[PDB]
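>>> PDB entry and its sequence, pasted below:
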Amino acid sequence: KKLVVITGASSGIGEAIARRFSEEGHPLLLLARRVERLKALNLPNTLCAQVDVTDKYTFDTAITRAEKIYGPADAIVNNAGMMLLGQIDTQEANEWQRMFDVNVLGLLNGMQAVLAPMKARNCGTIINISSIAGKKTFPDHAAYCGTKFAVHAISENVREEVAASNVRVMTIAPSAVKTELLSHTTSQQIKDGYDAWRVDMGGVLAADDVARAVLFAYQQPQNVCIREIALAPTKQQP
Amino acid sequence: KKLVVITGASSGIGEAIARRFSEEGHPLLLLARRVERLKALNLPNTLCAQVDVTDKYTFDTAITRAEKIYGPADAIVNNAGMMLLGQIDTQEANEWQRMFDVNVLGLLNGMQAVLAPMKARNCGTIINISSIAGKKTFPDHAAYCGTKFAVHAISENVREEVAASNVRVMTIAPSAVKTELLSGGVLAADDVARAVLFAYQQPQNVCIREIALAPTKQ
Amino acid sequence: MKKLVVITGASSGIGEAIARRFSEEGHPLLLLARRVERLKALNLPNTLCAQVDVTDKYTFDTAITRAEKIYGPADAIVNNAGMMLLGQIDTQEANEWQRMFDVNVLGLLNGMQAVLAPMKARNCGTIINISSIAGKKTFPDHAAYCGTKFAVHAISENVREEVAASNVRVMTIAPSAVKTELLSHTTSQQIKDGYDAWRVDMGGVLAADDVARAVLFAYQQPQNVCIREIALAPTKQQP
Amino acid sequence: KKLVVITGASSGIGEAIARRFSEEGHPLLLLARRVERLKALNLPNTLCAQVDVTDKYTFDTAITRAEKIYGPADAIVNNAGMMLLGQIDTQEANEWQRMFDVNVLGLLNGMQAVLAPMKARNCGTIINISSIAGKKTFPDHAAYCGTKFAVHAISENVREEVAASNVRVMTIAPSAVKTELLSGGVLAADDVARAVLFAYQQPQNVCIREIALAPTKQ
Ligand SMILES: NC(=O)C1=CN([C@@H]2O[C@H](COP(=O)(O)OP(=O)(O)OC[C@H]3O[C@@H](n4cnc5c(N)ncnc54)[C@H](OP(=O)(O)O)[C@@H]3O)[C@@H](O)[C@H]2O)C=CC1
Ligand SMILES: NC(=O)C1=CN([C@@H]2O[C@H](COP(=O)(O)OP(=O)(O)OC[C@H]3O[C@@H](n4cnc5c(N)ncnc54)[C@H](OP(=O)(O)O)[C@@H]3O)[C@@H](O)[C@H]2O)C=CC1
Ligand SMILES: NC(=O)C1=CN([C@@H]2O[C@H](COP(=O)(O)OP(=O)(O)OC[C@H]3O[C@@H](n4cnc5c(N)ncnc54)[C@H](OP(=O)(O)O)[C@@H]3O)[C@@H](O)[C@H]2O)C=CC1
Ligand SMILES: NC(=O)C1=CN([C@@H]2O[C@H](COP(=O)(O)OP(=O)(O)OC[C@H]3O[C@@H](n4cnc5c(N)ncnc54)[C@H](OP(=O)(O)O)[C@@H]3O)[C@@H](O)[C@H]2O)C=CC1
């Protein structure tokens, strides 16, 4: 079965997606900075590389040396990302830079790594992990919403342009998923408010709920393109 | 397994959805005006009624009658819809009236038929067939795009309002599906149906709010 | 003598305010509403008043023909007539959805069709549709009204693209929270009370004239400049 | 009248906005890299500073210096931006980096420069120049559309968060304006400038949240 590359596989949604794709029999390339946590997953058929997705050169290289083993990447899941919440009046400006670097430029690196080849052979699937925050706004999310709307726009724009080469581009837009994400935010008060929101919801999506949707989209015949799947706990409100 | 109601099941997308839900073992209420094509699907455990979704009384009664046989509907697929194309400057105005009546009002009727009881048991799934024309405009499609943008907004609004009752509201947005609507960048009706089923089959606490799908090409 | 402007829903609220501004600019007007006496009590110069229900297309069309005999071709129509019937979909009277879609959508489509072929032929004219930020965003108790207003947004954009080459303009004006008669038509006294407390709580709300100034500004741009959308709301508006 | 800060004022839209605000009697701070084009505008009561908007320190300092002279900024126009077109499969990645840095981070820098003081005053207006490319995708524009969609979201989000402080946040979305971007059917820069001025000049309690404009034709 065809190689699948997944960024940010070391926890959360990416870990869950790796498990499902492995279990379907795909050989994998998993990319994250915490490369030993990747190894501790113990998946069959399964190259782990220590890669920062904002390092285009290391990124592309890892990919090339994985395709020397498993053939052309038929899919990349651009999943690596971070959420640094804050108010624009006070938030540390370097938090904006880091988020846009991973959530947007990292993802663009991911797309460019595979897009030329996929177009040439008329096959392949780009799956970008956006968010319902790419669709609407949320308190303290200004810069993060910025990255996710950009991801939404980038995805739709590329999808239109590679349609004729029979390449698929997919946007997966989760909300409220139990992962490490919220823990990177700077303000303890924001994290507390967020955690109570999810508690009050009756809890929240499991990473695997996103993973099953990602795999379902991918497993459709090449000629069927699920452009978008948006998902959230049923009880999610404001 | 629980009753599922499907409007517009006499061809195309709604037929293909009926087939997938039936194969999965759900008893069905199939609603449409050509009841004889419904009968001809010859699906097991499937009630066929002649109902125009704009006729609220006949619609409600069909559902009540069906829930007596197989118990309360756990999903309704609002799929009945029609596409009348034209330029606003010349299009016959009754076409607008009829399209909004079927595509929007009919859909509202279906939602109101199940919403109160679903909220009361804290379970239920409403699945609305919108369109990629409910997210973007197209030449000749003005009034039709209108109905589908209406469906998107109504679905979003209602979803927010029933979330606290554990009731799911899902929008399915296909494009370029081979069906009777007009009457390899085309979709099979069954491409839509697998997505509708996949969404319904998630645990009750997981709501796939939207799936938009189209042929890779075109 | 400037060009004729047609305005629907001119008997109160936003439509009345829009009529005053256009009258002040020296446009002769045709004003259309069901309360034709309130129209007449506006006392505007160069102003034809006609008792028209915009869901009655034949009367609608006719009223327009009769005004163009006097003042020449309508250079603008403001499709402003509308109503907002708020409610929960599980309990709202279904006939409220029908009435609201008939005025807010079909009414407005009637208005567009009255002028569009002629405007396209002479390569001039402006269609101004009053949508709402509820045409962009959802709001508690607004399900059906949001439906009408998203439909208005979609219809406007679609028609705008199609008549672009004929140099006709189609504009969407999307207000929120304007002091008018609108909210008073809603059925539930509970909803009305909650809504009114919301507008009080934000510090009050737009004046009708705030919308009218934006409409006039968009229209007064040269014919080759198309302001496609203006969205506006009290500054202090939030959830 | 009150100080207005305008970024990207050395050509195109930003120049046209500067002229309209100056003619209306506002003292200005003009920021851009070609300081000598700024000086060459020769506008009354107008400070010209050489600032790259991505250079946060120089940006903030320029504003502080200007507010000593003419008082606190009542508006900032975040207009500095650049458009590097390409297909994602071949585009030089540094073009993405720099577009986002200028079009998004530059704009965030400008917002953070005035936000807290405006909140404290309960007055002020932030005006962000987006695009119809921030509402709509276009061939060859993927990364650029990305930046403008980001600008739309950021603007909407910040508007909701500062509304309670009586601070206005407005997005102007033009299309096809005759400028240097690209280095009928076409808008003059002054078409944008009149809309920007009209929005600012409404009473403080009236927030024109968005204006999208384009040539009627093409
Ligand atoms: N959780 C939620 O509620 C939602 C999440 N999302 C999106 O899901 C995606 C995954 O996040 P989630 O699993 O939730 O959060 P986690 O923090 O659990 O996972 C983030 C993943 O990205 C990796 N990563 C971060 N920075 C880099 C980098 N520079 N280079 C390579 N890898 C990096 C991390 O690995 P390592 O640090 O080892 O490099 C980790 O594997 C993100 O894009 C997030 O925005 C969208 C909507 C909702
Ligand atoms: N085909 C495509 O490419 C796309 C389709 N869609 C949507 O898919 C949905 C199904 O249409 P599609 O399968 O394409 O076209 P079809 O015409 O094949 O299906 C139409 C179904 O709707 C039923 N129907 C029509 N009017 C009524 C009514 N008044 N009361 C009850 N049932 C009615 C018809 O049955 P009967 O006449 O017997 O009553 C028929 O069963 C529609 O809502 C359509 O807008 C969305 C995007 C794309
Ligand atoms: N007020 C607000 O907060 C907002 C309003 N809007 C839109 O503004 C527009 C005007 O409403 P607004 O001024 O607020 O409310 P009002 O109720 O004050 O005005 C409604 C106008 O429409 C007329 N009208 C209603 N039905 C018909 C009909 N069937 N035929 C002809 N005319 C009709 C009414 O006149 P008569 O009964 O005499 O016929 C009245 O002049 C509406 O489309 C509304 O949706 C958008 C966003 C916000
Ligand atoms: N032109 C069009 O059709 C449309 C334009 N827009 C937006 O309008 C805004 C203005 O661009 P437009 O007038 O068209 O094009 P111009 O190139 O004429 O204007 C660009 C302005 O931005 C300044 N600028 C660029 N980079 C920086 C920087 N790093 N720091 C400070 N200033 C900078 C440039 O000055 P200098 O080099 O001296 O630093 C110049 O003054 C842009 O954000 C653009 O995206 C949106 C839709 C359509």
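Everything's here; your move. Numbers count the residues shown, from 1 in each chain, chains lettered A, B, ... in the order given. Ligands and ions are numbered 1, 2, ... in the order given.

>>> Over in chain A, which residue gets nearest ligand 2? Let me know.
Nearest residue of chain A to ligand 2: residue A:227, at 12.5 Å (CB to the nearest ligand atom). Bear in mind the C-beta positions are built from the backbone N, C-alpha and C, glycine included.

>>> For that residue, which three-state class applies?
strand (DSSP: H, G, I helix; E, B strand; the rest coil).

>>> who are the neighbours in contact with it?
By CB atoms under 8 Å, 6 or more residues apart in numbering or on different chains, the contact list for residue A:227 reads A:156, A:159, A:169-171, B:132, B:212-214.

>>> Over to residue A:62?
A:29, A:31, A:49, A:51.

>>> Then residue A:204?
Contacts of residue A:204 (CB under 8 Å, 6+ apart): A:176-178, A:198, A:233.

>>> Show me the residues you listed that map onto helices.
Under the assignment DSSP state H, the contacts of residue A:204 contribute residue A:198 to helices.

>>> With neighbour count and secondary structure as added columns, please give the contacts of residue A:62 in JSON lines.
Shown next, in JSON lines, are the contacts of residue A:62 (neighbours: other CB atoms under 10 Å in any protein chain shown; DSSP: H, G, I helix; E, B strand; the rest coil):
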{"residue": "A:29", "neighbour count": "25", "secondary structure": "strand"}
{"residue": "A:31", "neighbour count": "31", "secondary structure": "strand"}
{"residue": "A:49", "neighbour count": "18", "secondary structure": "strand"}
{"residue": "A:51", "neighbour count": "24", "secondary structure": "coil"}
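
>>> and which of those is nearest to ligand 4?
For those, the residue nearest ligand 4 by CB to the nearest ligand atom is residue A:51; the value is 30.0 Å.

>>> so the closest one touches residue A:32, yeah?
Yes. Contact criterion CB atoms under 8 Å: residue A:51 and residue A:32 qualify, at 7.1 Å.

>>> any shared contact partners between the two?
By CB under 8 Å, 6+ apart, residue A:51 and residue A:32 have these common neighbours: residue A:7.

>>> and the contacts of residue A:62 near ligand 1, which?
Counting by CB under 6 Å from any ligand atom, nothing from the contacts of residue A:62 sits close to ligand 1.

>>> closest to chain B among the residues you listed?
Looking at the contacts of residue A:62 and their distance to chain B, the nearest is residue A:29, at 23.9 Å (CB to the nearest CB).

>>> Now do the phi/psi pair for residue A:50.
phi -90, psi 100 (degrees, to the nearest 10).

>>> residues in contact with the residue nearest to it when sequence neighbours are not counted?
Closest residue to residue A:50 apart from its sequence neighbours, by CB to CB, 6 or more residues apart in numbering or on different chains: residue A:35 at 3.5 Å. Each residue near residue A:35 by CB under 8 Å, 6+ apart is listed here: A:10, A:48-50.

>>> Could you double-check that residue A:74 sits in contact with residue A:27?
No. Contact criterion CB under 8 Å: residue A:74 and residue A:27 do not qualify, at 10.3 Å.

>>> joint contacts of those two?
With CB under 8 Å, 6+ apart, residue A:74 and residue A:27 have common neighbours A:2-4.

>>> Among those, which lie within strands?
Those of the shared contacts of residue A:74 and residue A:27 mapping onto strands are residue A:4, per DSSP state E.

>>> Adding neighbour count, write the shared contacts of residue A:74 and residue A:27 out as CSV.
As requested, the shared contacts of residue A:74 and residue A:27 are arranged in CSV below (neighbours: other CB atoms under 10 Å in any protein chain shown):
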residue, neighbour count
A:2, 15
A:3, 21
A:4, 25
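
>>> What is the longest helix of chain A by residue count?
Chain A, longest helix under DSSP H: helix A:142-162.

>>> close to chain D, is the helix or strand following that helix?
Next along the chain after helix A:142-162, taking DSSP states H and E as the criterion, comes strand A:168-174. No. Strand A:168-174 does not reach chain D (CB under 8 Å from any CB of the partner chain); its nearest approach is 9.8 Å.

>>> So what pairs up with residue A:127 in the strands?
Using DSSP bridges, the bridge partners assigned to residue A:127 are residue A:77, residue A:170.

>>> got a list of what the residue lying farthest from the centre of chain A touches?
Centroid-distance maximum for chain A: residue A:89 at 28.4 Å, with CA atoms, centre = their mean. With contact set as CB under 8 Å, 6+ apart, residue A:89 has these partners: D:112, D:115-116, D:119, D:162.
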